[PDB]
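In what follows, a structure is listed as structure tokens, so that the remarks can point back to it.
Numbering (the entry's author numbering), first residue to last: 1 to 26.
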């Protein structure tokens with residue numbers, strides 16, 4: 001139900017994973 005969080009990896013949207021900025025709270 002809750003939108004997928006910013007799953008970080010070697011690259012990609014990893015910055016947003018540390019800030020949890022784009023990641024919406026479930």
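Here a beta-carbon is modelled for each residue, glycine too, at the ideal position from N, C-alpha and C.
So, are the CB atoms of residue 8 and residue 2 less than 9 Å apart?
no
Tell me whether residue 17 sits in a helix, a strand or coil according to DSSP, three-state version.
helix
Assuming residue 6 and residue 23 form a contact by the criterion Cβ under 8 Å, report the distance between their Cβ atoms to the nearest whole angstrom.
4 Å
Using a Cβ-Cβ cutoff of less than 8 Å, which residues in the same chain neighbour residue 25 once the five nearest sequence positions on both sides are dropped?
2
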